[PDB]
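**Q** this one's a deposited entry, sequence included:
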Amino acid sequence: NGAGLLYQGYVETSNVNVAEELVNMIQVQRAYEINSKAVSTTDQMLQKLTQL
Amino acid sequence: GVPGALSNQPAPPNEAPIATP
Amino acid sequence: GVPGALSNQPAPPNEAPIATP
Amino acid sequence: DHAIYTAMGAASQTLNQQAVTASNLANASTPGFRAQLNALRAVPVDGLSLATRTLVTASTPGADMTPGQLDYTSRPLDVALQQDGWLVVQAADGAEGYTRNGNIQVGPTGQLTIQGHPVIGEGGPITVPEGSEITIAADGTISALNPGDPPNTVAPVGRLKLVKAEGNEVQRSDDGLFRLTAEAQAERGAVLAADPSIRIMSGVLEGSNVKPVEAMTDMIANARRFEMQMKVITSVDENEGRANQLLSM
Amino acid sequence: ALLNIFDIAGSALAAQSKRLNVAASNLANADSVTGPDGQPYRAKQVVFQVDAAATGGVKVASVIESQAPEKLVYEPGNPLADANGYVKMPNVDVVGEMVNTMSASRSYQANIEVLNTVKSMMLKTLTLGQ
Amino acid sequence: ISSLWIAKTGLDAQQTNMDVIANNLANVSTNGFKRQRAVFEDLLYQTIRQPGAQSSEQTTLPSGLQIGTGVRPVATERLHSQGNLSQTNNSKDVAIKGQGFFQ
Amino acid sequence: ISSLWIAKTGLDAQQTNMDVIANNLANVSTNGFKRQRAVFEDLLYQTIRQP
């Protein structure tokens, strides 16, 4: 009924690949930096408005 | 009439539409 | 009551215990 | 004296455009996301004398349907469309909308669905066997294999409905699902018809089309424009304040 | 009364100062643990409300503890560790606190500018009483 | 201003995604581990001005606008795929194929 | 955001090629084994219309 088979003496390892993780880390860092720049420019706009 | 002068008729209302139909 | 109002008695002194007695 | 109003309107619309750009940048990693284009729009006030005051109101066109980039995940039920393909799913209100988020999922009762909303095909939403493994063809065929059963019993159990929208006639609804505009749906029917000229790819997923260079350029331009408008505001205010003393004796 | 403007601005300044103080305290206690009597530290926020005297000033009724789950860190060597050997680190959103500080500073500056303008207007008002 | 409270959501989503990636990388040696993958969703859009008349014997672009609201982490899926088999020669180790779990 | 995912796909393809090579080399003595070779193919091309 769709059950698997058992192998004795063997252990299933984690199904993690590191290339995708590294690329995702790079993308996450870049997106974080660009969002930080967005925050900074909005704060600058508000400061310039309040210094009216 | 020239600007700043006197007139006997009120100016038409100002509309400033976003986009003409 | 509301902060900034007028009271007839002082507030109790402030303290910051590092560890509970 | 009323130039202050034009300047403040320009500043407010610049803030709105900045908010749009920030919204586009924030969800730069959601699958199947379409960027939100924006461009300032001019509205001239006029009548009976010297039409000089022209106000600014920000506006956002539909979107840029440039296809997002594809990343390979090897998941059997990940679909990536063609240049301008769409998957149609019924929305919360019961109406149909279009999307490109290919992250299909299967519920415990054999119900296929994109995030939140079920997928529709021939007839109503498509349903698969209770625990059958699913493979998606290049033309929308859903092949099902019952676990444990020998492989020679793979059976088609339905078909995705794929539409084709070029892009200039679709507008984003309030929940992020695109729909045809009024004239487009009038001239092409309320419900679109499936076409075979659209092919999907299994195993890859589509990201989002947000241009970092465009975002940075827009941010710089908005910053400079807002600062200039603020300077105009303060200059006009100082001028009016200095000139207000004429009425004195 | 043309003088409730000062009350409104002062209430706004006090509220912004309270919110900034709460944010600064959270930032200081970002990585603290085992406060007084051993209970884990929890972050706090403030809620702004308006005083319906219509239009009125802003007040802060009370400081409300965050309901976001604490961080559970496995470290059995700490006496605070439960049967699972976990310690409860406080939930502090550094970006959230930075944004809150920025907003508080901007609101404070806007209110002080409004106070400056209204003070100039009120000083000019009295010249007609002679 | 909406920009601050939108970029805050963006930063929060990025931070949670980084946490998920770090968790996946941490247990690179845990036996029988299925990797995580975080998927987000854009929030509902807020309309300000409805679009006007179109194709009125003119080639103008649409005029409506609608501001975004931000992004939220909607779900986190574990990829229940098949991993590799490491030989340990221990008589009391079991590796299971296909799909199945020990109760 | 443009070449990152393309290079990720390339790395994944090369990893799959390495895996099948390693599997072929592993059972160099298994009786009745058949060597396997993978075949690649590019993904969908996007189009940019000219004016």
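**A** Sure, I can see it. Numbers count the residues shown, from 1 in each chain, chains lettered A, B, ... in the order given.
**Q** the residue of chain D found nearest chain F: neighbour count?
**A** Residue of chain D nearest chain F, by Cβ to the nearest Cβ: residue D:23 (2.7 Å). The way it works is simple: take the backbone N, C-alpha and C, and place the C-beta from them, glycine included. A count of nearby residues for residue D:23, using other Cβ atoms under 10 Å in any protein chain shown, gives 27.
**Q** which SSE is whichever residue of chain B sits closest to chain G in?
**A** Using Cβ to the nearest Cβ, residue B:19 is the residue of chain B that sits closest to chain G, at 25.0 Å. Assigned by DSSP states H and E, residue B:19 falls within no helix or strand.
**Q** how deep is it tucked in, by neighbour count?
**A** 17.
**Q** can you give me the end-to-end span of stretch E:24-42?
**A** The separation between the terminal residues of stretch E:24-42, taken as Cα to Cα, to the nearest Å, is 14 Å.
**Q** what about residue E:40, distance to residue D:128?
**A** 47 Å (Cβ to Cβ, to the nearest Å).
**Q** wasn't residue A:7 part of a helix?
**A** No. According to DSSP: H, G, I helix; E, B strand; the rest coil, residue A:7 belongs to no helix; its state is strand.
**Q** test my guess that it contacts residue F:87.
**A** No. Between residue A:7 and residue F:87 there is no contact under Cβ atoms under 8 Å: 9.5 Å.
**Q** looking at those two, which one has more neighbours?
**A** Neighbours of residue A:7 and residue F:87, each counted by other Cβ under 10 Å, are more numerous for residue A:7; the result is 15 against 11.
**Q** now do the phi/psi pair for the residue nearest to that one when sequence neighbours are not counted.
**A** Computed as Cβ to Cβ, 6 or more residues apart in numbering or on different chains, the closest residue to residue A:7 that is not its neighbour in sequence is residue F:95, at 4.4 Å. Dihedral pair for residue F:95: phi -110, psi 130, per degrees, to the nearest 10.
**Q** return the residues in contact with residue F:95.
**A** Listed by Cβ atoms under 8 Å, 6 or more residues apart in numbering or on different chains, the contact set of residue F:95 reads A:6-7, A:10-12, F:85.
**Q** interface residues of chain F facing chain B?
**A** Counting by Cβ under 8 Å from any Cβ of the partner chain, the positions of chain F adjacent to chain B are F:49, F:52-53, F:56, F:60, F:63.
**Q** switch the cut-off to 7 Å
**A** F:52-53, F:56, F:60, F:63 (Cβ under 7 Å from any Cβ of the partner chain).
**Q** please check those and keep the buried ones.
**A** residue F:63 (16 or more other Cβ atoms under 10 Å in any protein chain shown).
**Q** between all of the residues of chain F next to chain B, which two are separated the most?
**A** F:56 and F:63 (12.1 Å; Cβ to Cβ).
**Q** quick check: residues of chain D near chain C?
**A** Looking at chain C, no residue of chain D is close enough under Cβ under 7 Å from any Cβ.
**Q** thinking again about what came up before, the residue of chain B closest to chain G and residue F:62 touch, don't they?
**A** No. Contact criterion Cβ atoms under 7 Å: residue B:19 and residue F:62 do not qualify, at 9.0 Å.
**Q** list the contacts of the residue minimising distance to the centre of chain D.
**A** Nearest residue to the geometric centre of chain D (Cα atoms, centre = their mean): residue D:34, 3.9 Å. Under the criterion of Cβ atoms under 7 Å, 6 or more residues apart in numbering or on different chains, the contact list for residue D:34 reads D:63, D:65, D:209.
**Q** next, count neighbours for the first one.
**A** Using other Cβ under 10 Å, the number of residues around residue D:63 comes to 18.
**Q** mind listing the helices for chain D?
**A** D:3-26, D:182-188, D:212-243 (DSSP state H).
**Q** element containing residue E:107?
**A** helix E:94-125.
**Q** now the angle from that helix to helix D:212-243?
**A** Taking axes from the mean of the first three to the mean of the last three Cα atoms, to 10 degrees, helix E:94-125 and helix D:212-243 form an angle of 10 degrees between their directions.
**Q** and whichever residue of chain A sits closest to chain D, how close does it get to residue D:107?
**A** Closest residue of chain A to chain D, Cβ to the nearest Cβ: residue A:2 (2.9 Å). Look at residue A:2 and residue D:107: by Cβ to Cβ, they are 18 Å apart.
**Q** again with residue D:206
**A** 23 Å.
**Q** spatially nearest residue to residue F:28, not counting backbone neighbours?
**A** residue A:16 (5.4 Å).
**Q** from what I can see the one you found touches residue F:23, true?
**A** No. In this structure, residue A:16 is not within contact of residue F:23 by Cβ under 7 Å, at 10.3 Å.
**Q** okay, those two: which has more neighbours?
**A** Applying other Cβ under 10 Å to residue A:16 and residue F:23 shows that residue A:16 carries more neighbours, namely 20 against 11.
**Q** hang on, residue D:215 packs against residue D:23?
**A** No. With contacts counted by Cβ under 7 Å, residue D:215 stays clear of residue D:23, the gap being 10.7 Å.
**Q** which residue, other than its chain neighbours, is closest to the residue in chain B positioned nearest to chain F?
**A** Nearest residue of chain B to chain F: residue B:19, at 4.5 Å (Cβ to the nearest Cβ). Using Cβ to Cβ, 6+ apart and skipping the chain neighbours, the partner closest in space to residue B:19 is residue F:52 (4.5 Å).
**Q** look up how far residue D:42 lies from the one you found.
**A** 15 Å.
**Q** next, the most centrally placed residue in chain A: secondary structure please.
**A** Chain A has residue A:28 as the residue nearest its centroid, 4.3 Å off, counting by Cα atoms, centre = their mean. At residue A:28 the chain is in helix, as set by three-state DSSP.
**Q** from what I can see it touches residue F:18, true?
**A** Yes. If you go by Cβ under 7 Å, residue A:28 and residue F:18 touch, sitting 5.0 Å apart.
**Q** what's the nearest residue to the residue of chain D closest to chain F once chain neighbours are set aside sitting at in phi/psi?
**A** In space, and not counting its chain neighbours, residue D:23 is closest to residue F:68: 2.7 Å by Cβ to Cβ, 6+ apart. Dihedral angles of residue F:68 (phi, psi; degrees, to the nearest 10) stand at phi -80, psi 180.
**Q** neighbours of the nearest residue to residue D:155 once chain neighbours are set aside, how many?
**A** Here the nearest residue to residue D:155 in space, its sequence neighbours aside, is residue D:144; by Cβ to Cβ, 6+ apart that works out to 5.7 Å. Close neighbours of residue D:144, defined as other Cβ under 10 Å, add up to 18.
**Q** who's in contact with the residue nearest the centre of chain F?
**A** The centroid of chain F falls nearest to residue F:39 when counting by Cα atoms, centre = their mean (1.2 Å). By Cβ under 7 Å, 6+ apart, the residues touching residue F:39 are D:31, D:103, F:74-75, F:77.
**Q** any of the contacts of residue F:95 buried? List them.
**A** By 16+ other Cβ under 10 Å, the contacts of residue F:95 give A:10-12 as buried.
**Q** all strands of the chain, in order?
**A** All of this refers to chain A. A:6-8, A:10-12 (DSSP state E).
**Q** please refer instead to chain E.
**A** E:44-50, E:58-65, E:71-74, E:86-89.
**Q** rewinding a little: give me the element the residue nearest to residue B:19 is part of.
**A** Counting by DSSP H and E, residue F:52 is part of no helix or strand.
**Q** how close does it sit to residue F:63?
**A** Distance from residue F:52 to residue F:63, by Cβ to Cβ: 5 Å.
**Q** pick the most buried one from the helices of chain D.
**A** helix D:3-26 (a mean of 22; mean count of other Cβ atoms under 10 Å in any protein chain shown).
**Q** who are the packing partners of that helix?
**A** On a contact count with 3 or more Cβ pairs under 7 Å, 6 or more residues apart in numbering or on different chains; DSSP states H and E, helix D:3-26 meets helix A:18-50, strand D:54-59, helix D:212-243, helix F:2-26, strand F:65-67.
**Q** can you name the residues in contact with it?
**A** A:34-35, A:38, A:42, D:35-36, D:38, D:40, D:53, D:55-58, D:60, D:210, D:215, D:218-219, D:222, D:225-226, D:229-230, D:232-233, D:236-237, F:1-3, F:6-7, F:9-10, F:67-68, F:70-71.
**Q** all good on my end, thank you.
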